[PDB]
Amino acid sequence: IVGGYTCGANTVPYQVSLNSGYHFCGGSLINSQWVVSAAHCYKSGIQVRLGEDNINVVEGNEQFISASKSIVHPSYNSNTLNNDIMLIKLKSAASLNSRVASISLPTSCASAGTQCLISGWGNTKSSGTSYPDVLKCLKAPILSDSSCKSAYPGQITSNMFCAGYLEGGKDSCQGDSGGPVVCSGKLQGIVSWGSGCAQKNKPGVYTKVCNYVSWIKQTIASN
Ligand SMILES: [Ca+2]
């Protein structure tokens, strides 16, 4: 997250870190057994880390649970990032508590102009590199479909939305991929892509979770 703030330990209790020896993407806990992330975050050998604040210090509230299954969307296209969504099943259910909690899936899609909370352990620099240890947060508004399409001509599908600030300075970034975009208390987006981070006229692009709720529900009813 570039231009964000330190969230505060465990104040985003549905945020997970995906670890394959190191943190490599975020995700969102949607119930005690299942995490939503980005398909472009797929790796074999994923451990889900819940209850994290500092990802480099064991502070006492974590749960580390291996994935048993990952399910990339059946129509994911890694070239365009259309349908950039994945489900990860935990080997054992998380113990839900004040610091480890699920986020609701949406009933309706979010509205342009809505301010959403984006979070993660990704790079904090637009130019260069610096990865935080503690979880960072950003409030960013959803942009209109037409502004998003103007920013990325020929690249935005109906399964994507843009959020952020066209003047630059505030965005998600590498390492935030797969993490949540929460709007009015619902998981509306997944950190997916963008050209650089926090650059002028290049806002973040997010997977539009409300298009996937029937897939998510049928998949979790069957696995
Ligand atoms: Ca930790």
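In listed order, ligands and their atoms are each counted from 1. Numbers here simply count residues along the sequence, with the first being 1. Quick note: numbers below take in every heavy atom, side chains included, and nothing from hydrogens, waters or symmetry partners.
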query: Is the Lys NZ or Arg CZ of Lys170 less than 6.0 Å from the centre of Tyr165's six-membered ring, within 45° of the axis?
result: yes
query: Counting backbone and side chain alike, does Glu62 bring an N/O/S atom below 3.0 Å of the Ca ion (ligand 1)?
result: yes
query: Does the ring center of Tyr206 lie less than 6.0 Å from the ring center of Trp193?
result: no
task: Considering non-hydrogen atoms only, spot the tightest contact between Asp176 and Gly122 and give its length.
output: OD1-N, 2.8 Å
Ring-face cation of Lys136 near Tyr5 (centre distance under 6.0 Å, axis angle within 45°): no
query: Can an N, O or S atom be found in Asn56 less than 3.0 Å away from the Ca ion (ligand 1)?
result: no
- request: Taking both backbone and side-chain atoms into account, decide whether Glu52 has an N/O/S atom under 3.0 Å from the Ca ion (ligand 1).
  value: yes
message: With respect to the Ca ion (ligand 1), please indicate if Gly51 possesses an N, O or S atom at a distance under 3.0 Å.
response: no
